[PDB]
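To start, the structure itself, in structure tokens.
We did not get these values from a lab; they are worked out from the coordinates using the rules stated. Don't worry about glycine lacking a Cβ; one is built from the backbone with ideal geometry, like all the others, and counts go over all protein chains shown.
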Amino acid sequence: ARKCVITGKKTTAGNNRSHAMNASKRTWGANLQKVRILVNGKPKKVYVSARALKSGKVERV
Amino acid sequence: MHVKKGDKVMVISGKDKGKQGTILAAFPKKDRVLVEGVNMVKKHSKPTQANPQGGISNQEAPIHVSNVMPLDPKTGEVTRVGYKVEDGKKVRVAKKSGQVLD
Amino acid sequence: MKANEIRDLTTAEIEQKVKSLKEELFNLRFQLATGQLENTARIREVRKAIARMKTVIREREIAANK
Amino acid sequence: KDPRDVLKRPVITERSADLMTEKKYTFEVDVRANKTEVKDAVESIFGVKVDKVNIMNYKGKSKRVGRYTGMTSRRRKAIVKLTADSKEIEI
RNA sequence: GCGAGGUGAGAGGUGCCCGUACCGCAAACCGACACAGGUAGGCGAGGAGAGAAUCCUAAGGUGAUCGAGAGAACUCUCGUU
RNA sequence: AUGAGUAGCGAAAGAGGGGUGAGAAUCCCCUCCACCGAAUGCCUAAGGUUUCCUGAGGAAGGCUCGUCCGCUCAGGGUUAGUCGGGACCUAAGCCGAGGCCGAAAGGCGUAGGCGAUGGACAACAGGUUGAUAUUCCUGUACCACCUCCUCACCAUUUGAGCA
RNA sequence: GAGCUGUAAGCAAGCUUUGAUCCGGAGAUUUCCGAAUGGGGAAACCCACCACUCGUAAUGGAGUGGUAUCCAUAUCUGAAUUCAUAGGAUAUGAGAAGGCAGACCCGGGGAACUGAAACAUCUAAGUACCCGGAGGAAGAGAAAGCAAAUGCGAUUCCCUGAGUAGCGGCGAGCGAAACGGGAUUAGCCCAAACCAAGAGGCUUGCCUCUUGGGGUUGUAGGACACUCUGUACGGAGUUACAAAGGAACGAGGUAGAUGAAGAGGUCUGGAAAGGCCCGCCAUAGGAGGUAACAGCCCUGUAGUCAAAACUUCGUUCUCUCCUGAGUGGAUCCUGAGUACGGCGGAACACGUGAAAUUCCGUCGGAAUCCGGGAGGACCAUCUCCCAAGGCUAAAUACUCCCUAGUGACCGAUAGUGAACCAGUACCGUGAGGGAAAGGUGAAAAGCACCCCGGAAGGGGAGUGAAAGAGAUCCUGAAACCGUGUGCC
Ligand SMILES: [K+]
Ligand SMILES: [K+]
Ligand SMILES: [K+]
Ligand SMILES: [Mg+2]
Ligand SMILES: [Mg+2]
Ligand SMILES: [Mg+2]
Ligand SMILES: [Mg+2]
Ligand SMILES: [Mg+2]
Ligand SMILES: [Mg+2]
Ligand SMILES: [Mg+2]
Ligand SMILES: [Mg+2]
Ligand SMILES: [Mg+2]
Ligand SMILES: [Mg+2]
Ligand SMILES: [Mg+2]
Ligand SMILES: [Mg+2]
Ligand SMILES: [Mg+2]
Ligand SMILES: [Mg+2]
């Protein structure tokens, strides 16, 4: 799924709000990005959120 | 039951109240017994393969076990029943006198 | 055959008795079908004898593997 | 498995009696026995020589006793033909 | 590729499980019914005939699960004026 | 209950003579007549699931009756190497190891499978029961496989043969 | 401890004091389907491979065991590609799978009818429902807390605060918390500084990772220095604070045992347990049954006992584990893409509002002890705490089930849909919907025999207290259907 393998950031639900305050359901996506990282010490390319990449601890291969 | 096949009991209730007789058969599931000479019924039997003539038979009918009491060996009066261990074997004792029945 | 007697035999001896009882049961079922069997009570007794013997055989197998 | 688990009981009917003149014996057999098993069992048990075994399955019959209704057990009937030069079965 | 034993013929032998009854243009299936309905496919004879049309018949099947009278009005289905 | 002993009793040719029986327009047999006959015949699906055959019964069911029945009660009846299906093949479609995708549940999909309505595939004639028949019996065949055997031929490391 | 072979009559054949049937504990067996798992499949069926075994000359046949996927562990190989890695093979696994108790719990998603007398903000409602994770409980929890006192001292739940403060097309409505009174109580463990060991990058006297020690807090604590002290004398513990194991004993659960006192006399009656006249027992006058209503007839009850085996709890012992005080303010440590902020939403009783506090997506982004957070915008002062790590029992919620019981609960149109062979019959392609139907008698003593009839059904005769109790068999109302006739 569109869930960050490292931080777990995934889609979350909430409301959209019009000016008249009408509420309708919507989701917030994680900013997931295809990157090569170590998965069990074996470099696989998986989806990681930009935020998890921001640090730099998540090293690309 | 407090009585068993073979015991001489007195009938304490019913038309045959006061009559003594031997238990010919016990029916523990129904709490009824068969007492010699008590509760005679007239069965209207049809001719069958076993009995070709049929006829109206006189026959003992079971009575409820709570309508009979065993007799005391000493006095010959009715007694309630108790139990004691004797030689590593439980036996019925006549509560009135104390003596063993069987 | 009560269980105590069954246990005194060896496994080889018991399985033979099973075969003998199977012969008895087989003949009894044939007699019943033809209406030539009087003592119907024998069938159930033989079945329980076979069960009894199989129970003792299996008991020994279990004590062996343990 | 033992031969005597395969054969259940003989079938004793006008039809089976007729077949016993042609040296064919009708048996009820275990519902899982194939006709090869039937052939082997008859030889072992009765000490005869089997020419061929024909076999058929019978459905349960619908049956009623008062308000209660149910099915009879399904059966498997084997007709065992002996060879011309074989000993007959004794029953 | 596999391979020291092979190929062909004859003789002998082995060949398991499931279905198999009966209805199936029907009183047995689908229509609540022993219901003027519906139900794929194979065979489907003779005379006249182009013909599986039509009429009368063969093989074969069937006489239809309320009847006996009467022969009014009227209704339905027909015939002639 | 009333409507009411009213509507209806669901397309159609029956008649008589015997029989059975407590009882017969209605069941059985006989005779003649009548109807279908590109079907109202024969076979065989899907489906039903014992309704099939024999004997007995007449409560209920059967639009009447009933001695009768596809009904009730007892028994009995379905036989395959060759027919149809599986130990053969695949179509549409379905499922799907890993895999791809998706808030979750799940969706999609590769290899590989399943899946006839199709492809492949060896038995015919006659006889026989109240009830089964390319199945049982008689006769004469065929297909695959196996070798305690027999014969013929070939070949034993470019060595027949299998594939 | 004397009969038994179920309902369930019947016939048949048998078993049992050499102890059956029956009751309880622990075992064995446990076809096929089902997560179903050797493969397939239209659940309960079909077809295989590998070892071993039965059988045949052999084929064909049979029995037992193994053979799903994923995950974990070990071993062997290792592509494109050189080393490698992916991948593949073998072995090892009481690893997972599925179900449910229609309940309770925590989350992911999440309505509409309806209310507002219309309706969109709002309400219904974070409800119904779907999904995931679970546990016997779950969640929360050992102060970056509540407060504003000569303060309190984890969390949870009950009372109260209070329908208050507030929120709100300030409409309909929504609606706290703290203090106070209670139930229950319980506290702990890491990360970092530092020490020791070991290893790889040599980044080259530095660094990272890995082990053990050390250490856990706020008018500061710890490291580090100083002393004092223990190293088990003594303390704790498998419910947190490390983690398994074994005994002895006690009290229970899962069958049972024993257990007082009237056939008292007499009266009706088919039958006394009732009436009348007398007794007696009672730690037992609960209850059911027995031919009408029984403390003294039966099973029982009060009371006192009982366990080969299995199981629950408790207490001791064994066993296991374990130092904690004071003085320093040189230096060092005290949880970073974190706290927090903008933007977009959500949760807080609180609808963006003056909006503190908490959570999510996206982007930006601190201080780090001379430090940091909160006290409802925000600043200053003061007061109280020390976040960005984890664990933690009890009080609480619920009941499908087990045991024992209770009811100014129902009594067959009631009470469960279901007192009865009911989730059945029947209806539906299916999901699904869904009934009707209790009573002979004390005892079958269930009407021998005779008469009419083919039978059904009757009339006698018998049984019974009663057959006007004869199988839809207690009582038997009204509608409705008849027969006879006093008046018209
Ligand atoms: K009594
Ligand atoms: K023609
Ligand atoms: K009633
Ligand atoms: Mg067959
Ligand atoms: Mg046929
Ligand atoms: Mg004219
Ligand atoms: Mg009229
Ligand atoms: Mg008609
Ligand atoms: Mg017929
Ligand atoms: Mg009729
Ligand atoms: Mg086909
Ligand atoms: Mg409204
Ligand atoms: Mg007692
Ligand atoms: Mg007593
Ligand atoms: Mg009475
Ligand atoms: Mg009811
Ligand atoms: Mg009564």
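Before moving on, here are some points about what is shown:
- Subset of segment D:1-17 [more than 8 Å from chain C (Cβ to nearest Cβ), within 14 Å of D:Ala33 (Cα to Cα) and surrounded by 15 or more Cβ atoms within 10 Å (Cβ to Cβ)]: D:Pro3, D:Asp5, D:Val6
- Helices (runs of 4 or more DSSP H) (entirely within chain C) containing at least 3 residues that are of a type outside the set (D, E, K, R) and closer than 30 Å to D:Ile91 by Cβ: C:11-33, C:41-65
- Test result for D:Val38, within 14 Å of another protein chain (Cβ to nearest Cβ), within 11 Å of RNA strand F (Cβ to nearest atom) and under 9 Å from the mean Cα position of the chain (by Cα): no
- Only one of the numbered conditions (1) out of contact with any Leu (no Cβ under 9 Å at 6 or more places or on another chain); (2) under 20 Å from B:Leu101 (Cα atoms); (3) crowded, with 18+ Cβ neighbours inside 10 Å; (4) among the polar types (S, T, N, Q) is violated by B:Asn39, and that is (2).
- Any hit, segment D:8-31, residues being farther than 22 Å from D:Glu90 by Cα and more than 16 Å from ligand 13 (Cβ to nearest atom): yes
- Filtering segment C:40-51 for residues that are within 14 Å of another protein chain (Cβ to nearest Cβ) and loosely packed, with under 10 Cβ neighbours inside 10 Å leaves an empty set.
- Only strands (runs of 3 or more DSSP E) whose full extent lies in chain A are considered here, and the ones with at least 3 residues that are within 11 Å of the chain's Cα centre (by Cα) and surrounded by 13 or more Cβ atoms within 10 Å (Cβ to Cβ) are A:43-49.
- Under the condition of being within 16 Å of ligand 4 (Cβ to nearest atom) and within 14 Å of D:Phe27 (Cβ to Cβ), the residues counted in segment D:58-84 number 8.
- Reported count of residues in segment A:33-55, each being more than 7 Å from RNA strand G (Cβ to nearest atom) and in contact (Cβ under 8 Å) with a residue 12 or more places away in the chain, is 13.
- Of all residues in segment D:43-71, those that are within 14 Å of another protein chain (Cβ to nearest Cβ) have Cβ atoms under 7 Å from Cβ atoms of residues that are not in a strand (DSSP E or B), 6 or more apart or on another chain, in D:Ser44/D:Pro3; D:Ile45/D:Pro3; D:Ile45/D:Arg4; D:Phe46/D:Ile89; D:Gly47/D:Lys87.
- Looking only at residues in segment B:52-83 that are of a type in the set (A, V, I, L, M, F, W, C) and farther than 20 Å from B:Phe27 by Cβ, the one that is farthest from ligand 13 (Cβ to nearest atom) is B:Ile56.
- For D:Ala84, the conditions (1) more than 9 Å from RNA strand F (Cβ to nearest atom); (2) of a type in the set (A, V, I, L, M, F, W, C); (3) more than 13 Å from the chain's Cα centre (by Cα) are fulfilled apart from (1).
- If only residues of segment B:58-102 that are touching a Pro at 6+ places or on another chain (Cβ under 7 Å) and part of a strand (DSSP E or B) are counted, the one that is nearest to RNA strand G (Cβ to nearest atom) is B:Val81.
- Of all residues in segment C:19-30, those satisfying the criterion of being more than 9 Å from chain D (Cβ to nearest Cβ) and surrounded by fewer than 18 Cβ atoms within 10 Å (Cβ to Cβ) are C:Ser20, C:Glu24, C:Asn27.
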